[PDB]
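J.: Here the authors' numbering is used: position 12 in the sequence shown is 12, and no number is missing along the way.
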Amino acid sequence: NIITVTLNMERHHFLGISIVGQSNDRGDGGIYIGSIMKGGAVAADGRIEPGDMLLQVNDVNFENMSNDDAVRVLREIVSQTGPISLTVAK
Ligand SMILES: CC1=C(CC(=O)O)c2cc(F)ccc2/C1=C\c1ccc([S@@](C)=O)cc1
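Listed below in structure tokens is the structure:
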């Protein structure tokens, strides 16, 4: 079940979701949500929970990107201004 959530970065300063990259023999393990930090934008939503997979983040797609690279691009968005839309795979 793919769900897209729009986090408000006006009142929230951090998302509160530690990204965990899944590493294996191949490498396309993808990035998943580790833990949610109370006080973050994600904790204000509720649809995202530990174990959710990040697919698309503000138009950008991480499904065919490296785990590390996904976080690289993600950091550019997370350290920017504007609404952050997270597309998770539950
Ligand atoms: C909690 C958390 C957030 C969201 C937030 O709380 O605002 C986040 C955003 C990013 F763009 C990158 C990393 C993180 C993070 C925890 C963590 C995950 C991976 C790394 S390594 C893969 O660089 C380090 C730390």
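We put the CB at the ideal spot given by N, CA and C, even for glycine.
How about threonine 87 and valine 5: are their beta carbons less than 9 Å apart?
T.: For the purposes of this step, residue 87 is taken as residue 87 along the sequence shown, with counting starting at 1. For the purposes of this step, residue 5 is taken as residue 5 along the sequence shown, with counting starting at 1. Going by C-beta atoms, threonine 87 is nearer than 9 Å to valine 5.
J.: Relative to the C-alpha of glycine 51, which residue among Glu10, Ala89, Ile3, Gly39 is closest?
T.: Your numbering for residue 51 matches position 51 in the sequence shown. For the residues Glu10, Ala89, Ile3, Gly39, the minimum Cα distance to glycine 51 belongs to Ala89.
J.: Quick one, which of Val20, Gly27, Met9, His12 has its alpha-carbon nearest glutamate 49's?
T.: What you label residue 49 is simply residue 49 of the sequence shown in a count that begins at 1. Measuring from the Cα of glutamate 49, the nearest candidate turns out to be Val20.
J.: Considering just the uninterrupted stretch of the beta strand (DSSP E) at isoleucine 48, what are its terminal residues?
T.: Mapped onto the sequence shown, residue 48 falls at position 48. No beta strand (DSSP E) contains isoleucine 48, which DSSP labels as neither H nor E.
J.: Run through DSSP, which three-state label would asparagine 61 get?
T.: As a working note, residue 61 is residue 61 in the sequence shown. It is a strand residue.
J.: Is the CB-CB distance between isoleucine 17 and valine 57 below 9 Å?
T.: Position 17 of the sequence shown, counted from the start, is the residue given in the question as residue 17. Position 57 of the sequence shown, counted from the start, is the residue given in the question as residue 57. Going by C-beta atoms, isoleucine 17 is not nearer than 9 Å to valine 57.
J.: Let me know if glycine 30 comes out buried or exposed under the rule of 16 or more other beta-carbons within 10 Å of its beta-carbon.
T.: Taking the sequence shown and counting its residues from 1, the one referred to as residue 30 is at position 30. Burial call: buried.
J.: Can you tell me which of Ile3, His13, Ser35 puts its alpha carbon nearest to the alpha carbon of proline 83?
T.: Translated into positions along the sequence shown, residue 83 becomes position 83. Looking at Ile3, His13, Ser35, the one whose alpha-carbon comes closest to that of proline 83 is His13.
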